[PDB]
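Peer 1: Structure for the following, please:
(chains A and B, ligands or ions: 2)
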Amino acid sequence: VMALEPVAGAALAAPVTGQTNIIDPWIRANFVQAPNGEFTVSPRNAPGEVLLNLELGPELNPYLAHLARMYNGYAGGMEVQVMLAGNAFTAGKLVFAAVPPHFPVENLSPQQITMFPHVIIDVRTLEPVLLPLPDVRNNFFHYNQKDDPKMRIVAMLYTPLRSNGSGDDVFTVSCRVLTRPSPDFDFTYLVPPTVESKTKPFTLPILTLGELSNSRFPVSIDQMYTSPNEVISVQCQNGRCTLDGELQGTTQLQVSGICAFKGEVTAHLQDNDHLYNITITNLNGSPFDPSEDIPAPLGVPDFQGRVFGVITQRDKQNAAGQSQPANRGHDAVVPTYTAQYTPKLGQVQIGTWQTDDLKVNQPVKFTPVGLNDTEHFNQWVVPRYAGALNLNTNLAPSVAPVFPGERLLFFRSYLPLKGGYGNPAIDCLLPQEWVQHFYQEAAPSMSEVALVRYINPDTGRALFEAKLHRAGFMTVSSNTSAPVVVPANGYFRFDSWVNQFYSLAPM
Amino acid sequence: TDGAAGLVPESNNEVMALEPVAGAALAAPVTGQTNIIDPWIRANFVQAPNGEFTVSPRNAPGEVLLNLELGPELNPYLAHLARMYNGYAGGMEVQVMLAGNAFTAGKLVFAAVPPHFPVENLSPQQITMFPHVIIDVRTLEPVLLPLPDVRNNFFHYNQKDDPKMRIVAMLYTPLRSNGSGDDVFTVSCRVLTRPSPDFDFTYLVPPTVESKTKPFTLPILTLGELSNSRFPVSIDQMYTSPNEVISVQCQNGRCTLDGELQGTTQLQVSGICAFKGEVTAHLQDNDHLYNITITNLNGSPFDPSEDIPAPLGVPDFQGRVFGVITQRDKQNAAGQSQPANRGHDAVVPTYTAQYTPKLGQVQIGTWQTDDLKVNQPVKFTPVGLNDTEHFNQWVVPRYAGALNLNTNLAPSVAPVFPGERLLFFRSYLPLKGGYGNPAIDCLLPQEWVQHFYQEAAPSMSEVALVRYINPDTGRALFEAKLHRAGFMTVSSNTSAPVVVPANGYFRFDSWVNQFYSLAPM
Ligand SMILES: [Zn+2]
Ligand SMILES: [Zn+2]
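Peer 2: Numbering: from 1, shown residues only, chains lettered A, B, ... in the order given. Ligands and ions are numbered 1, 2, ... in the order given. Shown next is the structure:
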């Protein structure tokens, strides 16, 4: 067994806390499977590969993770149970170590894991083994708000697997990890339920692909499309929101505010076409301070191109008709690649085909429809938000799939044109409804990667799986670039929090 | 007992369901000294600095009337003792006296909230999910509450990064009354504290060195000794806000009670409505106009990328400020190498497009006296206003002209309790010519700004309760609310000069919150 002395639990925290609470005795007996508690050992693995990397806390047991939203703190350890699935005609060994709180586990040697409290178990063992996970700390108990590191338990391949195969498929030992609370685990102080943050679990909304919408243009979603070979690292400015609910770049919450602006008209020129320089405010009606940390006012376009839309004008003063002001609305185009599109400075220029009906010094409102033509349409180039004479500052960071053999997963939506030839599309990372749900919930991220699975509703089985990152993008494990053929009435389901080393099943 | 005729409840028989929590004896093997406290302070109830609060018919049910964090600053003897120690561990004992009239009817609820729980959005039924006790406002004998110091470490330090066990009061009924007369039956309540037997200090340090333990004090200065903080004159009288003015924004004379200067405020009395620079231009209209590249008031170049709306000390209202500009030559033309000097009248219009002091330019004027050198240093000394044309003191000028926005402004301030208006300090300004009697109202005197900057004491609440004391009579005239943003409000219905003796002063009474009903003037 692991050489560990007994560590105190919540009875140490008795004279500094006020309520003496208990829980259900049936939860203290049943062994519940850990959320990331499964791994398989293969003949392809090498010694020194980490397999579990578990950690102490109430997030292992989904009964304690539901009871934790009623209390103020906790203290105590757990009991781990490891099962294997092998037979007598095999060979190979595994090791299970006990790692302290502030010790960094980063690419350890197979020799160096024997310098911990460890057990070495063969892969032939018939009975499930029991390991202790104690609560080492330097205080009396843990708070549900202030998070601090805890004791981990780490599995590692010690000796490679030797067996003889059956056919075109090789033998494989599958392992499961189940936990239950120790007799000294306890909670501390009853509060109102579901009031404190930091205990709210991360979820996804149950909305199918036909009911969601794009986050970079106000068009519905058409299909899912994996990223091409020459696209490896994108950087957009709309549809950016982390899983904790922090809006980055020029991302806002309303669907209608995407590629939309509002303000007054100041200038008029007519070299060939009508120009109409326009000063802009925010989308609520406040004067835009140009020294804000944002790159631009929220909801301006974020790609090069010629956005075709309708601009309407409603004048302030009542000219006629018994005090009802006049209206006008025409087509226009905003080009985003020129040196006139400077929304950080506060000027956006439009273009109207031979229609001189737009009165100056009366406020307007732009409503986008589609593109003018496919000329200068690059959907992965950030425009110069200040024109020349200044560089782009304080953007969202670039995102990229770092795992070998993984591509980005986009949401494709086709687009109308004014005239010409082409079938263009705008790809986004997350839908707008996911952005709104992440902003309203604001649940914390326990890890850096989350695991989701696409669900077909009539069978209830998974079609593929992807990795949802903290920065707000998804990656799949595929080797081609093609639209994903799935039923349209499907959705994603959140499964667990994983590491950066989880290998997806090939798509 | 016998004086009340059985008309009121005599005692409350209800406890909070809390466990005995350890104190400073748990912390003994890891601390240094474990100092002790005088036994008279241990056994006598003394009024807390959060002592006073009232229940009124203006209060809605569900308002937080009291929010006491645990600390040594809950006792006025321990708050003086705690300025020479390093830490503490242990609880307190709180006593609430709320013996109201026999005709009223209302109830209060007191609950115990854990350390890391949010208290900002409690409903009246969420407060019953804690260990609570319900007390009506007619009980004769005072009630006793615990405050047991729940923590997850051995003791505390004087740092501000550990939340502590709180007590929270809430109004639970509407405070009705069935007296026959239309007379004020507003209940006055008091809070009295003393330390628990399991309370101790930790480690002797130099006294009054650390922050986080300095107490808030007011200076004893009469109204005849105060000075205006928006214009370099003396304060004449106090004057309530009119019914048209509901919120103000004036970047000079602004300082929080914690000791933070906001807007373009500074400390020097002579630097209000004054600047300093170099003449760079000459404009020959009917009047003579000049352009001045202004610097800071100490003699350093003004960087426009600073986090301020303007250089500190510029005028902060629309009008035409009248003063005297003077020149002293950087070179020596004559007289044993002594420089020559010129000094003439001036006028600074601040509502036009030529008053952009954030960009660096302030344009002045002199009438029919074009005797002013170029590329020589200047200084402006304000006297008053030349005419009341375009004079509005509650509009902030554009510090970068037209086609730009004001940045890093101080926030606007307004009263929120019903029936209350603002209380100003009014001084009357001289004019050059015309008919008028203008006035500039400030939120705070300049001496209070300097005192709050020198003390830098923390605030234990949002509002402080002060009273105006007449020292020859020994009787209080009125009371007011001093807010943490740096402004005072009174409870009145008119707009008139407050007629008081000019040798009276304000006296700091207690810390209150924003639901305190002031007495009507
Ligand atoms: Zn034109
Ligand atoms: Zn001249």
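
Peer 1: Hmm, residue A:252 and residue A:436 touching each other?
Peer 2: No: in this structure residue A:436 lies outside contact range of residue A:252 using Cβ atoms under 8 Å: 10.4 Å. Just so you know, the C-beta spots here come from the backbone N, C-alpha and C atoms, and that holds for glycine as well.

Peer 1: what about stretch A:166-174, start to end distance?
Peer 2: With Cα to Cα, to the nearest Å applied, stretch A:166-174 spans 16 Å between its terminal residues.

Peer 1: Can you pull out the residues in contact with it?
Peer 2: A:38-43, A:84-86, A:90, A:92, A:123, A:161, A:163-165 (Cβ atoms under 8 Å, 6 or more residues apart in numbering or on different chains).

Peer 1: Which residues belonging to that stretch are considered buried?
Peer 2: A:171, A:173 (16 or more other Cβ atoms under 10 Å in any protein chain shown).

Peer 1: in the stretch 101-250 of chain A, what residue is nearest ligand 2?
Peer 2: residue A:250 (50.3 Å; Cβ to the ion).

Peer 1: wait, the stretch 351-500 of chain A
Peer 2: For the stretch 351-500 of chain A, Cβ to the ion, closest residue to ligand 2: residue A:361, 35.8 Å.

Peer 1: now swap in chain A and tell me
Peer 2: Counting by Cβ to the ion, chain A gets nearest to ligand 2 through residue A:266 (34.4 Å).

Peer 1: thinking that residue is in contact with residue A:278, fair?
Peer 2: Yes: counting by Cβ under 8 Å, residue A:266 touches residue A:278, with 7.0 Å between them.

Peer 1: which of those two has more neighbours?
Peer 2: Neighbours per residue (other Cβ atoms under 10 Å in any protein chain shown) separate residue A:266 from residue A:278, with residue A:278 holding more: 24 against 13.

Peer 1: show me what contacts that one?
Peer 2: Contacts for residue A:278 (Cβ under 8 Å, 6+ apart) come out as A:261, A:263-266, A:347-350, A:364.

Peer 1: Of the residues you listed, which count as buried by neighbour count?
Peer 2: A:261, A:263, A:265, A:347-350, A:364.

Peer 1: Next, the contact list for residue A:147, please.
Peer 2: Residue A:147 neighbours (Cβ under 8 Å, 6+ apart): residue A:198.

Peer 1: Assign it to helix, strand or coil.
Peer 2: Three-state assignment for residue A:147 (DSSP: H, G, I helix; E, B strand; the rest coil): coil.

Peer 1: how close does it get to residue A:73?
Peer 2: 12 Å (Cβ to Cβ, to the nearest Å).

Peer 1: from the stretch 301-450 of chain A, which residue is nearest to chain B?
Peer 2: residue A:346 (9.3 Å; Cβ to the nearest Cβ).

Peer 1: my read: that residue touches residue A:280, true?
Peer 2: Yes: shown here, residue A:346 and residue A:280 form a contact pair, counting by Cβ under 8 Å, at 5.9 Å.

Peer 1: any common contacting residues for these two?
Peer 2: residue A:288.

Peer 1: any chance you could map the helices in the stretch 51-200 of chain A?
Peer 2: A:64-67 (DSSP state H, counting those that start in this stretch).

Peer 1: Could you do chain A as well?
Peer 2: A:64-67, A:432-441 (DSSP state H).

Peer 1: Just tell me which of those helices ends up closest to residue A:382.
Peer 2: Nearest to residue A:382 among the helices of chain A is helix A:432-441; the distance by Cβ to Cβ comes to 19.2 Å.

Peer 1: Which other helices and strands does the closest one contact?
Peer 2: The helices and strands touching helix A:432-441, judged by 3 or more Cβ pairs under 8 Å, 6 or more residues apart in numbering or on different chains; DSSP states H and E, number zero.

Peer 1: what comes up buried for that helix?
Peer 2: Buried-residue list, helix A:432-441, by 16+ other Cβ under 10 Å: A:432-439, A:441.

Peer 1: do stretch A:87-99 as well
Peer 2: So, applying 16+ other Cβ under 10 Å, buried residues of stretch A:87-99: A:90, A:92, A:94-99.

Peer 1: Now intersect the residues you listed with the strands, please.
Peer 2: A:92, A:94-99 (DSSP state E).

Peer 1: returning to what we had before: now do the contacts for the residue of the stretch 301-450 of chain A closest to chain B.
Peer 2: Going by Cβ under 8 Å, 6+ apart, residue A:346 touches A:279-280, A:288, A:290.

Peer 1: for residue A:222, same thing?
Peer 2: A:412-414, A:425.

Peer 1: still on that earlier bit, reformat the buried residues of helix A:432-441 into CSV and put distance to ligand 2 next to each item.
Peer 2: As requested, these are exported to CSV (distance: Cβ to the ion, whole Å):
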residue, distance to ligand 2
A:432, 63
A:433, 67
A:434, 67
A:435, 62
A:436, 63
A:437, 67
A:438, 65
A:439, 61
A:441, 68
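
Peer 1: Identify, from those residues, the entry nearest to ligand 1.
Peer 2: Distances from ligand 1 to the buried residues of helix A:432-441, taken by Cβ to the ion, are shortest for residue A:432, at 36.3 Å.

Peer 1: Is that closest one in contact with residue A:239, as I believe?
Peer 2: Yes: using Cβ under 8 Å, residue A:432 is in contact with residue A:239, at 7.2 Å.

Peer 1: Give me the common contacts of the two.
Peer 2: By Cβ under 8 Å, 6+ apart, the residues touching both residue A:432 and residue A:239 are A:214-215.

Peer 1: Can you narrow the contacts of residue A:222 down to the ones near chain B?
Peer 2: Taking Cβ under 8 Å from any Cβ of the partner chain as the test, chain B is in contact with none of the contacts of residue A:222.

Peer 1: All good on my end, thank you.
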